[PDB]
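Okay, here we've got a single chain as structure tokens, the form deposited in one PDB entry, with questions on binding and movement later.
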């Protein structure tokens, strides 16, 4: 009855998956904790099982990772880069099948599953070059015969907790960077994407083994809130990268701060698109559609708020309805499907409640609003008009495809309305106005980590630092100098002179 036991899904075995899998890796595979079964959200059929980590598994693994660090930190960064390069190659080799597993277990369409694996491949190739660049300036000291240098060194063990919706790429961003920076990693992924976590870890383990390196450099401990909390409280976890809900991230940030650890928090978003009167509507409508319904509206960067100037509000909404109608719904492995299921049945309940609250708070559902009558967690992509910008439900992050549409008149108020929410991840304006664009990028503009112009809220590449402000948590991943969060700065003064300090009256020697 497991999908992995059906010949139709034999390709799963190309990732080294079996009926029952070990969810702990530290150089050896094991798992003494609870056995979890994960399910395909397109049909709710069981795929396979994973043995999760017990506390003893976690203890053993942290210790092994920290012993492996002693070897790893001694390897020159460029040589660490070479390992990361080989990891990218090993992912390249498995990209289609790993992409298919992401579609199967998580629920996003295949091109996005493959695309997410390509994202990890790309950050590896990036990190290879960065591994030859990381460090700090030699500075001119004000003291004669002294050197002043800024050094960067690994923090040690980087704990990585990731969410269901990007079960490969977020880990990848943290892993490739943390690795070239001389850290070891311990991964705890979302329980409902356990097979994906195991499959990626099998790919990396083989590269470490072929290079005769301890596997615990990239440790895995599958588990849920129990293991996540242990990492948050563990002094041996020097940096904890956490991607997930704002509510959980807040508690993780507190626990880390309590022990003077470091945390990197990538939390929820309430991302807005603003369309000004002068905007190219041929650009706005498709941009809005794909940002809003992409991944069934389950991206951290999903467009959840659409502000449209009064003069064009009715036309844009009309064109958006006409476009939603053409969204192709199906299984996420079905070719040319644009739109798959929500990740859990719970997310469907959150969807419905949201649509109910919207209707009751005075909103009108101009499209969607219903559960589709079919197997799996499918809901109609939804557009809601008529709500006030400060409506309770619109300030809430609901991880479903519901787009709240508002009218505005002036630039200052709608910039304010962008900024008024608790989250601070991504934002976008559509306009041709040179002046407005630079105000939006300036000190009185968007308050978000991602501030886009004529591209929707999901526009982001690995070259820049990725992350948000406010309740989004403040962490950055991937590009620019995000690498610094994974290392510790020292300011080092070196007296190379035979000079003595002033005696100040005192008779020395």
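In this text, the rigid core denotes the largest set of C-alpha atoms whose superposition between the two forms falls within 1.5 Å. Residue numbers count along the first chain shown, from 1.
Root mean square Cα distance to the shown form, taken over structures and residues in 5 other deposited structures of this protein after a core fit, is higher for 146 to 154 when 146 to 154 and 99 to 107 are compared. Superposing each structure in 5 other deposited structures of this protein on the rigid core shows that the farther-lying of 129 to 137 and 290 to 298, by root-mean-square Cα distance, is 129 to 137.
Compared with other entries of the same protein, residue 62 falls outside the group left without coordinates by a third of them; all model it where both flanks are modelled. Compared with other deposited structures of the same protein, residue 442 does not meet the criterion of being unmodelled in at least one third, since all of those that resolve residues on both sides include it. Mean C-alpha B-factor is higher over 306 to 314 than over the other stretch, the pair under comparison being 252 to 260 and 306 to 314. Look at the mean CA B-factor for 334 to 342 and for 139 to 147 in the entry; the higher one is 334 to 342. For the set 89, 356, 209, 122, the maximum C-alpha B-factor listed in the entry falls on 356. Of the candidates 188, 436, 319, 80, the deposited coordinates give 319 the top C-alpha B factor.
The entry lists a Cα temperature factor for residue 54 that places it in the middle third of the chain's modelled residues.
Annotation for residue 487: C-alpha temperature factor in the lowest third relative to the rest of the modelled chain, per the entry.
The entry lists a Cα temperature factor for residue 447 that places it in the lowest third of the chain's modelled residues. Residue-level temperature factors show residue 473 in the highest third of its chain, judged at the C-alpha atom.
Residue-level temperature factors show residue 168 in the lowest third of its chain, judged at the C-alpha atom.
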